[PDB]
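Residue numbers (the entry's author numbering), protein chains in the order written: chain A, 24 to 510; chain B, 235 to 372; chain C, 97 to 510; chain D, 1 to 25; chain E, 225 to 272; chain F, 9 to 474; chain G, 9 to 475.
Cβ atoms here follow ideal geometry from the backbone N, Cα and C, with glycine treated the same way.
One structure is given here, and the rest of the page talks about it.
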Amino acid sequence: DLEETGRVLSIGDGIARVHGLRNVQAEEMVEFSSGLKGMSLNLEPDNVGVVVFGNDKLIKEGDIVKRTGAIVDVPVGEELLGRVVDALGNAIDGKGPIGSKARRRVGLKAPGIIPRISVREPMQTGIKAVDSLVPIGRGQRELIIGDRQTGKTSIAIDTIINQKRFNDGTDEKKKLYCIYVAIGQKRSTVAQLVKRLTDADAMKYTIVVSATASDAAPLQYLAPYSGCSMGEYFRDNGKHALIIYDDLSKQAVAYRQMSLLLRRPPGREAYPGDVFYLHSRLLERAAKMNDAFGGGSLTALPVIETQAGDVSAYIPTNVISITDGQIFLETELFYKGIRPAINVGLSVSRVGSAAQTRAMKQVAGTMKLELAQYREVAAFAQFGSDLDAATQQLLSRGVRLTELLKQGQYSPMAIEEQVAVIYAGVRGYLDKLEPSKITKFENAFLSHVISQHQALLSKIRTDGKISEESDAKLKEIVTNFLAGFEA
Amino acid sequence: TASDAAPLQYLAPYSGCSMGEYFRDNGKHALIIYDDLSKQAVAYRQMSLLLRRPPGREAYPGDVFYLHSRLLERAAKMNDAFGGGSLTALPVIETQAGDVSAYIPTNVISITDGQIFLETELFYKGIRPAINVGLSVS
Amino acid sequence: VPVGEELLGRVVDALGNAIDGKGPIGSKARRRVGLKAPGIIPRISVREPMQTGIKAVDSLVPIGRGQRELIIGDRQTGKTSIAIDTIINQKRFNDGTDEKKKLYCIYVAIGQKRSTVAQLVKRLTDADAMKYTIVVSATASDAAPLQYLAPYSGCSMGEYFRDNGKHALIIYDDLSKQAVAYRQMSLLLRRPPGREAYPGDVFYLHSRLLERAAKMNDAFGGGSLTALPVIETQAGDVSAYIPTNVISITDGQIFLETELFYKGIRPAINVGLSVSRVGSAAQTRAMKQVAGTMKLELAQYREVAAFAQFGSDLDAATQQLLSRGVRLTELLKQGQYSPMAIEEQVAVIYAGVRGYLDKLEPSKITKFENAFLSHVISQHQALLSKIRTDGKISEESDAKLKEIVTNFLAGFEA
Amino acid sequence: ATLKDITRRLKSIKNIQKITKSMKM
Amino acid sequence: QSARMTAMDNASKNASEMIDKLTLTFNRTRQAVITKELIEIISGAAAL
Amino acid sequence: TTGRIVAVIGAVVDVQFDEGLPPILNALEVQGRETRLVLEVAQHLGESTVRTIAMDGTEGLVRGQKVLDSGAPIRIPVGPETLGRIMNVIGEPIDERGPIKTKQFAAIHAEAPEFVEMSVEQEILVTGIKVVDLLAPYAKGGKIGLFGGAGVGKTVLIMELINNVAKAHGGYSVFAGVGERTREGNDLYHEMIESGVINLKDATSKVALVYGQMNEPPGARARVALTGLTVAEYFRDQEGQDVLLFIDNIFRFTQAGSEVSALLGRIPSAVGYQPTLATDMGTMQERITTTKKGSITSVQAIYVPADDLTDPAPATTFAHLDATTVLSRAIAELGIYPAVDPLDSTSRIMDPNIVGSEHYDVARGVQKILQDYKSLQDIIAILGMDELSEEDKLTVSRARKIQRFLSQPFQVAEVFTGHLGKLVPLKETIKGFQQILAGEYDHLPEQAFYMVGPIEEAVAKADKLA
Amino acid sequence: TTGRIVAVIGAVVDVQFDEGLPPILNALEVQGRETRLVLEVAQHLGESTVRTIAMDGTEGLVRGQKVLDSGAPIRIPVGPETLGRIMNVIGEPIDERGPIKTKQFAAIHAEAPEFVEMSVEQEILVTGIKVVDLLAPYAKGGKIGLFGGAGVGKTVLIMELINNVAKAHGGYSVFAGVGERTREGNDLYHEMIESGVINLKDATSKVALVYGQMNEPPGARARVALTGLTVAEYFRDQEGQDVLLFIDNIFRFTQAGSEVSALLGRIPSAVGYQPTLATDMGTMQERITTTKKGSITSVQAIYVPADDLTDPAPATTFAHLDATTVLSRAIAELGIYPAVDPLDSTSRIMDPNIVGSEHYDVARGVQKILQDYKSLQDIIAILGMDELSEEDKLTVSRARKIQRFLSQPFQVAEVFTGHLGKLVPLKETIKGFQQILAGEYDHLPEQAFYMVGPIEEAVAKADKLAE
């Protein structure tokens, strides 16, 4: 039977070249005798180039291949939460089967143009620099980009951790389920990752799709789609979901590897002509639906690894061009003490304030502005043998505001805590304080109001802004704390 | 023009040259203006990459210098025994950022009998024709 | 190919055939051009020096027998000279008695020009060095495959000596033109081009060859093969793929810069970028004694010399550092064709390293070294013969030397 | 000519130009 | 003060010019690396 | 003709015909698919087989599947009933307002206006925008490079131009989003709607939207700018108007070109672009002109890769541009809007031999003054505003008046600025600036000129400002 | 089964079997040879012909030559009787000391540990090297990588770690030389012996050795790491011990593959590499790991072609490490050894929660100042130093002294530095830097800080220099 089954003509470098299979559809899952699956990516006149999902040691010339008739779909819904699954949705945390009812297809088209509405609900990270100057809204696609080891995955993690404030809450329209896709990473990193998340009690609301370093190319390829589907189940059901693709750089490599082995034509950097289309069809599935559709959302934090800061290399160019903004991390900043290494001047949020809270805006706005102003003069500092007090002023606001954007890891803040601290320097209170102390000030200052003043923060929170009152109360709280502070 | 198949853009200068040659060949005097040899070069390169010929410096095929030498060798001043006629060629080449060292510009400088370099700086500063009198030659 | 003592003093092509039209080679032995290098067990750590005759080299990037040290730099920076001076310096021992100190040399020309080689073998003849040299020539018009083979051919002739408890020195001049030959031969066989158009195995092309230079243990004759491969960089760029491919095979490199050369620093050895992975184990104690820390001193000198190209309120420790640095730099300078004897090097470095020259004027240093060396060679050969013989600098030799330099120096600065 | 070095140089010259224009005024 | 003014006018103008040149050198290099890296891939692929 | 599918490799489908082979460029329809799958033909591989590029996912196709030659290139509904609708690459509705019911259909692959149809002369097209019309005049049938992106009023400027084209020239406009972010199209949609340019209730829509979203395969984002072109050509070749063509953004057009090229296995040229970069562009750009029947004017959003203006994509593109409209965040910060940069924006037709000496001199007057003031700007802040001459103090005053006079209220932003939009006329524009230069309103105060139309309003505002 | 050779082109040999086609990865032995030639099956070309990679020289092979399927991937002698011995890619002793009488044999090809087998304990592993310890601490059981272009210190650094750590280590050690210098395996073997880590008379050997040097054909080089790693996995799982794995240099595994790649009929990926580089690296790197059964502390030297850290190979390896020591020719060039780049070296344990805030604040304190100085370098270069704020000419000072205090005379490089090797304890390091940063030595000269161990030697050296 050459219609529903085929015979392997040759097998190598994970590409199977099957004879027969006359009825297979493009991208169909097929099965080799040995039990290994494969996906038909090249339907040629005289053969099927099949992408083997595993070790090609188990396939020989002549092995019989059969069709499944089924296209790639994966488990989905609420039972995956707190689980560690492979790219096919299989459980790899050895905790037992995932009790999944619904199964969704991994590659589906993004919701069209009509079914959506402007991104308007804040997606809070807990990171002041991001939350005040590079705001993410639900349905937005914001890229975290930077060289190796700059803090990229940390941003995502702090972000995931942060959602417990709302996940332990009652308001079900503020909860955000998290999905973390690990592509090309080593298993020890993910293990370490899931640990950090368990320790913070964030696994309860997180799903981990993992396609690691030793998993065949095709699984690393798929991973992001199969994780996307999982997040779509939430989006579609009036629920909100967050997805982190770590990294899109490694998946591009996986895809390039199959493309070239199937002999498709190579373009710049050896990438296939459809590499742009691989990510665009992925990153567009993130969106903010309309009430007519459930008002549910899917926010995506895709990671791209640049090289020597070459944001214009091929893949970094595509993805930058596809997403709504970028958080640019930099080594120089990192080693200079700015952690997280966000380059505030080049980072962006097309969505902008349409996603900031009124509380934040109340402060974010002037901060954004003195910083931009400092950035103009900063370089002068170190040779400012005699600058006027006009600009000498902006250098001072400059370094303090900058110290306020600093942040340790695993400790995401509540929007109310961020504005209280930002207010402190923005209003001028730390202007006479020593740069070397702002980190210590904030820490203790925030410890104090989180202890003693939970009623003002609750106000700020509730009233959503800084009332003329709470404004006055903060003035005293900081002018007395500061006095205390320099005793 | 911009919309004709590359082969026609490629051809165009040779045809015009043959027309100028009638005059040269009959004791008459013609003037040919190739505007630009830059774009003819990219038309020929499109042809060459589509024919699959090895791309070299700037992806240009190995024979683009000859695309130009053959053409411009035909401008010429005959002597009396051949009519005294003549063909004068003023080919145009477009540089990027005043870079006169690029592959194509250099090629063409190594063929003609001088150049007239116009400078953007000059042009804005109000000197027009934006000729660069030190760099240009005859 | 033909192998053995019959080839000495003869000029052969890449297959062994003579090209000096001086008659057939009387060869009784043959050897496969392509044999794997002796493994782990048959060798012993490099310990015997291979003296070049060049202070800069013998003091800062020492070469031991069985060692592979690369000569690398742009066109005309002097790479061949290092090799010629080395071949010429070997008469000392070859004209001597001791057979263990003797070093037979092999000079493989590749891609070079016949008139240059002819020029080369002339000079060697005029220096009475051909007697112990074999010259394998695979020049510019020879077929790619001859140029390609040439190195393996010459290597095999060197292993004859290596495997028979004798000592050989081979110069591969240069491994750049061979790679081109390999690349050509290889592309014409339709083997897909790789990085930079070369075969995906150009590293292998040279590793295979240079692994053959080696030091055999007494169990295998204690003989050795020392290689001095040459590579040409472009725009002094040593990070280049081929350059690093070969730097990652040999036991060090001698990097020559055109900047230094024009500046007067000849040899144009770049202290900082050159290395010897054998260290002092390839040095006599006399030399180790004088140049033990000099290399990192000069490295550290080049830095501060740059950091004060603006006399930035400089202390003393650094003024002293710049004062030694300059004086020592002048001593490492050297002309061509005059390979010095080890004790001669020790005498002159000594003078510098000890501070006796810290008050002489840099410009004077070269002249002083010619005067001083003259004095000790003529008058004092007893101290030279002892340093040379003991091979070390005893406490009295060190005292007889302090005495000579300081006094001669004074009379010298009258 | 390394995009790295070129960038390193641009970095330090843009500052020089800035500090130098300041000193002029 | 008139000589520092003059010297710093020049320095600043030289800097800017240097800036303009390095930038243009940067783009030429950026374009050639891509082209160069791509021809290398094509050559290898075609030889098969 | 009915062909079979012989091979499917990604977005490249090979189809074999038994009798009758479709010419290159024809559109083939795949039989038996939930949705419409159009395969454009690209080559004749020989042996009765064509090589085509899919205009949507080939997921699921089957070797042997049936394919019907539509015997023609992609054709689309053209005409009035397209205005205000959103359309696909193959002229389908993606706004869910039912079928685009027009009388005529127009194949997208069309040749360009023969030489003898060419207009022989340069005419400025007026938009009513003081900066645009005074310093960087658009050209009828010409192409404009619109630089600057977000925060700077890009979408409000695109929408005022639309309106002002309907108003002053009774011409309609098309909007082709080449590689548009689905989020951003839907947001563009509702934003035109709220400002009226689109009307869902009546028949007063002044724009037709054509979209090539980023998820679409190379071939689709490749052609959608042609589809948009097709539509515009109608309001010119059928109704002889002065249409406006907006291609956002011209770089994604080129990129789509390369993807398609690579897929067809052709060797890339310098920097990885297509061998046919210049022709792919020319065959499209050239259909944008002033023929005897009317003219299409195109506002093209340009993305410059690596900030490299000599990069092959951008470099090629400027070959066709007659002017640039540089939107500037700095200008915006002055509150000045439209935030167009009066010194960076440019135009080919700013030639006295084309705009006339008067126009040309005023413009060159406005810029120099703006330039001079720029100089002084450094001094003022440092050494303080006074070594300033009876002369140096006037250039500033006027310059500052000018800077403001160059700003202006848009009718598109009335639902929001609570202010009335102004469409200043060219004549009014040159006079306005003429006089400020002249010194006729030196007594007037700065703020008299902020956000007004014709100079007359600068006068009256002064009155209300005592 | 018995196949015949049909084509020979370098290290690649195609074999035709009449009946029974050996599976991919199977090892075949060429009949008729003085020495054992193993061919690893690489692909099924079809037509009952397999394409294979030779584990040794292909000279003298003939078309038609016989080849027997061994029926299994390369399997080597694994167990305690490998300790103190020297093995081949294919498991043959190469030390001339007779057979390796192991109870068992293992195939060099195997699947990597599952996700549920991973461990997450993180204990600092002190080395005695100022730089590493201070700024990029190694972790017991972690994956460590030494990155460097040709001749910058990768091996010497591996040499001093064997001395400062391998030597006291109570557990085994496996040193796999992959495509490196033969001279070097002979230096190390004889050093192991002279120091009793290798015992030729008894069973006190605490180190097994495996070698596939630069004089080998691509094939051998594409597998020794596997052999090496396989020996190590035994002590990890079957004995459950604490292993120390040294590989020098893992880049060679990847260069090996790129060298036969074209003969395997593949379109090249970028930079000439094979299209399967990352996956080829992944299925290997994923076995070099600590599990719940045993612990591996791998120190891998990583070559950097053309000195370009973005090269697909070095670039692809960062993700497999928990700590990275990046060496730089720009630093080395100044005479600063070890030439570690203080701003490009990292460790996953550089966490206040793991090393402590004193450790952490010092490290970051040292890095800020070196960064601060890096930025000024290009500028005081031209504009000079006068205009600088005393605040800024002090960081130039301290930085230049730290830059030096970070160098150290290794005990394995006295032949190089002419200085006795010093091993500094973690607290002597933290403190020394803490004080320099504190202004406590702004009086001593920079040179006093160059090539010294503990801060007291810098103070003593100041006096000695005092004249």
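I'd like to know whether the C-beta of residue i is nearer than 8 Å to at least one C-beta of chain G.
{"i": "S22 of chain D", "result": "no"}
{"i": "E241 of chain E", "result": "no"}
If you follow the alpha helix (DSSP H) that residue i is in, where does it begin and where does it stop?
{"i": "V449 of chain A", "result": "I438 to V449"}
{"i": "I170 of chain F", "result": "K162 to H177"}
{"i": "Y300 of chain C", "result": "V298 to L306"}
{"i": "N190 of chain A", "result": "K187 to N190"}
Can you give me the C-alpha to C-alpha distance between residue i and residue j, rounded to a whole angstrom?
{"i": "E499 of chain A", "j": "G319 of chain A", "result": "42 Å"}
{"i": "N185 of chain C", "j": "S372 of chain C", "result": "20 Å"}
{"i": "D486 of chain A", "j": "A478 of chain A", "result": "12 Å"}
{"i": "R219 of chain C", "j": "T389 of chain C", "result": "36 Å"}
Relative to the ligand SAM, is the shortest distance from any of its heavy atoms to the C-beta of residue i smaller than 7 Å?
{"i": "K311 of chain B", "result": "No copy of the ligand SAM appears in this structure; indeed no ligand is present at all."}
Which same chain residues, not among the five before or five after residue i, have their C-beta less than 7 Å away from its C-beta?
{"i": "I167 of chain C", "result": "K175, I178, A179, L324, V326 and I350"}
{"i": "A233 of chain G", "result": "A184, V186, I255, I258, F261 and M292"}
{"i": "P107 of chain G", "result": "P101"}
Taking only beta-carbon atoms, is residue i less than 8 Å away from chain A?
{"i": "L248 of chain E", "result": "no"}
{"i": "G265 of chain G", "result": "no"}
Might you give, ordered along the chain, the residues of its own chain that have their beta carbon closer than 6 Å to the beta carbon of residue i, omitting 5 neighbours on each side?
{"i": "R105 of chain G", "result": "none"}
{"i": "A264 of chain F", "result": "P226, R229 and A230"}
{"i": "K391 of chain C", "result": "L156"}
Does any CB atom of chain F fall closer than 8 Å to the CB of residue i?
{"i": "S335 of chain B", "result": "no"}
{"i": "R308 of chain B", "result": "no"}
Residue i lies in the beta strand (DSSP E); which residues open and close that run?
{"i": "residue 521 of chain A", "result": "Chain A is shown only over 24 to 510; residue 521 of chain A falls outside these bounds and no answer can be derived."}
Taking CB distances under 8 Å as the criterion, tell me whether residue i reaches chain E.
{"i": "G318 of chain C", "result": "no"}
Tell me, please, which residues DSSP counts as bridged to residue i.
{"i": "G11 of chain G", "result": "G:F25 and G:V75"}
Can you find a CB in chain B that lies within less than 8 Å of the CB of residue i?
{"i": "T291 of chain F", "result": "yes"}
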